[PDB]
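Letter by letter, the sequence shown follows residues 8 to 79, 82 to 173, 188 to 401 in the entry's author numbering.
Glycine included, every Cβ here is placed at the ideal spot set by N, Cα and C.
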Amino acid sequence: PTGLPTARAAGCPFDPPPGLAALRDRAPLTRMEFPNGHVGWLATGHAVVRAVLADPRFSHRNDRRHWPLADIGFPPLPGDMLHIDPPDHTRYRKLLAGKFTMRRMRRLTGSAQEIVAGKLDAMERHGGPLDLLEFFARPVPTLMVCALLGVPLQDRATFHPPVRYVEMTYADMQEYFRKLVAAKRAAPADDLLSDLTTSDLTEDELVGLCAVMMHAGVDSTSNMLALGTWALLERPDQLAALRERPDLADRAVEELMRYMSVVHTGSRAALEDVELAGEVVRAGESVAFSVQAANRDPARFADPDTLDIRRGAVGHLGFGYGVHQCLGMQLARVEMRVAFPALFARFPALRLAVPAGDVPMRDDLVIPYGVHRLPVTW
Ligand SMILES: COC(=O)[C@@H]1[C@H](O)[C@H](C)[C@H](O)[C@H](C)/C=C\C=C(/C)C(=O)Nc2c(C)c(OC(C)=O)c3c(c(OC)c(C)c(O)c3c2O)C(=O)/C(C)=C/[C@@](C)(O)[C@H](O)[C@@H](C)[C@H]1O
Ligand code: HEM
C-alpha cells in the first residue's frame with residue numbers, strides 16, 4: 008500500500024530516510040508498490056533482509072525483479090555475476106572466490122599502503138583546500154583494482170581523472200582489456216588477470232568482468248572513504264581512540280560500513296512461493312530490501328543510530344549477504360583498514376573546506392550513496 012521512502016533529513020546526511028524506521032517498527036516486512044506499479048514487498052528488518060539475501064528461491068536477474076528506486082532495461086552484461094542466478098552465478102563464484110579471500114588480499118597490503126602514501130604525498134605538496142575524492146578517495150581504489158588485475162603502471166593514468188583525459192566508456196574499457204588479456208596470455212605475471220586467462224571464461228566474459236570491477240571496485244569504496252573520513256573528522260573522540268590503539272582500525276571499518284550503507288537499497292524476485300517473516304511471498308513478487316534500514320535495526324544493533332568504532336563488529340549487511348555477498352569485500356577491507364588511519368596520521372587536523380551543509384550529496388535514487396566531492400583542508 009505504501010511506496011519506498013528515499014528522502015533524507017537535511018542536516019543528517021549519514022542517516023537513512025526517516026520513513027524507513029516507521030515502516031520497520033510497524034513491520035519488518037511490508038507491502039510496497041514499486042515505481043512501475045508492481046505491488047510487491049519491502050523488507051526493512053535486519054533478520055528479514057538477511058533471509059531475503061540468503062534464500063535460494065530469490066532471483067537477482069533484471070528480467071525477474073523490479074527496480075525499487077526508479078521506473079525503467083538492459084541485457085545481462087558480460088562479466089556481470091551479480092544479476093544472474095545459480096548455477097550461472099556459481100560458475101563465476103567458484104572461479105573467483107578463492108582469489109578474493111582475506112589471506113590472498115592482505116598479501117596486497119604493502120601495495121595498498123604505498124598507494125595511500127603516494128596520494129597522501131600529492132595532497133600535501135598541492136596544499137589545501139582540495140577535493141578528497143579527486144585526490145584520494147577515487148585514486149586509491151582505482152589503483153588497487155589496477156594492481157589486482159596487473160594493469161601496467163604506465164597505463165593506470167587512463168582510468169581516473171587527473172589529480173590537479189575524457190572518462191572512458193564501458194566500450195573503451197573492453198577494447199583496452201581485450202588488448203591486455205592477449206598480452207597476459209603470451210606473458211603471464213603475478214596478478215589476478217593472468218591466472219584467469221587459463222580459466223573457462225571466454226574473452227567476452229573476462230573482458231566484461233574487468234570493466235565491471237573497474238567501476239564496482241571503485242565507486243562504493245571511494246564513497247566509503249569520503250563519507251567515513253567526513254564522519255571521523257567530526258568525532259575527534261573516535262579519532263583519539265583510533266590514534267591510541269590503532270588495531271581498532273578493523274572494528275572502525277566495519278562500523279563505518281554499517282553506519283553508511285552506501286549500497287542502501289536493492290530487490291530480489293521470488294522464484295517460488297516463499298514464507299518470509301510469517302507471511303508468504305508470492306512467486307513472481309519482488310521483495311525490495313533496505314540495507315541501510317537493516318543496519319540501523321535496533322533489533323540487531325543497540326544504539327544503532329550512534330556511530331561508535333569501539334563496538335564495530337561483523338553482522339552488518341553493508342557488503343550484502345548470501346551467494347551474492349561482495350566478492351571484493353576483503354580487498355575493500357584492506358584498503359580502508361590502511362587508508363582511514365593513514366589519512367589522519369598524516370593530516371591530524373583534516374577538516375572540511377566548506378560548511379557541511381554545502382557538501383554536494385549524490386541523488387537519493389543513485390546507487391551507491393555518497394558525495395560528488397568533499398573539499399578538505401588541514
Ligand atoms: C548504470 O547504472 C547506474 O548508473 C547506477 C545508478 O544507480 C543509476 C542512477 C540507476 O540506479 C540505474 C541506471 C538503474 C537501474 C539499475 C539496475 C536495475 C541494476 O541492475 N543495478 C545495478 C547494476 C546495473 C550494477 O552494475 C552491474 C554491471 O551489475 C551494480 C553493480 C554493483 O557493484 C557490484 C552493485 C553493488 C550494484 O548494486 C549494482 C546495481 O544495483 C556493478 O557491478 C557496477 C559496475 C555498478 C556501478 C559502479 O556501475 C554503479 O553502482 C551503477 C549500477 C549505478 O551508478
Ligand atoms: C566499501 C566497499 C564496497 C561495498 C560497500 C560494496 C558493496 C557491495 C554489495 C552490497 C554487493 C551485493 C549487492 C547485492 O547483493 O544485491 C556487492 C557485490 C559485489 N561487489 Fe561489491 N562493494 C565494495 C567493494 C567492492 C570491490 C572493491 C570489488 C571488486 C574488487 C567489488 C566487486 C563486487 C562483485 C563482483 C560483486 C558481486 C558478487 C556476486 O554477485 O557474487 N566490490 N558489493
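Just measuring C-alpha positions, the residue of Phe21, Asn69, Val276 and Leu229 sitting nearest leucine 294 is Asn69. Under the DSSP assignment, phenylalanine 312 falls in the beta strand (DSSP E) whose first and last residues are 309–313.
Residue pairing by DSSP places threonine 118 opposite no residue, since no beta bridge is assigned to it.
Around ligand 2, the residues whose beta-carbon falls short of 5 Å from at least one of its heavy atoms are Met90, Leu91, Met236, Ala239, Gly240, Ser243, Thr244, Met247, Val286, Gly289, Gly343, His347, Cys349, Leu350, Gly351, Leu354 and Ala355, given in chain order.
Judged by the Cβ position, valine 389 qualifies as a neighbour of ligand 1 at the 8 Å threshold, a heavy atom of the ligand being closer than this. Apart from sequence neighbours up to five positions away, the residues of its chain that approach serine 313 with a beta-carbon distance below 6 Å are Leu27, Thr51 and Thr288, ordered along the chain. With 16 or more neighbouring CB atoms inside 10 Å of its own CB, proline 23 falls in the buried class. Within the chosen limit of 8 Å, ligand 1 does not reach the beta carbon of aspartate 214 with any heavy atom. Here the C-alpha atom of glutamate 298 lies approximately 31 Å from the C-alpha atom of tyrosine 392. Residue pairing by DSSP places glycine 47 opposite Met39 in a beta bridge.
With contacts defined by Cβ atoms closer than 9 Å, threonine 400 and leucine 139 form a contacting pair. For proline 8 and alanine 368, the gap between their C-alpha atoms comes out near 50 Å. Around the CB of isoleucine 332, 16 or more other CB atoms lie within 10 Å, so the residue is classed as buried.
Cα atoms of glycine 88 and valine 235: separation of roughly 7 Å, rounded to the nearest angstrom. In summary, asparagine 246 is buried, with 16 or more beta-carbon neighbours lying within 10 Å of its beta-carbon over all protein chains present.
Looking at the DSSP output, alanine 292 shares a beta bridge with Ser66 and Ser309. The beta carbons of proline 75 and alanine 264 sit no closer together than 9 Å. Using a Cβ distance threshold of 9 Å, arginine 385 and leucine 141 do not count as a contacting pair. Following the DSSP letters along the chain, one finds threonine 400 inside the beta strand (DSSP E) bounded by residues 398–400.
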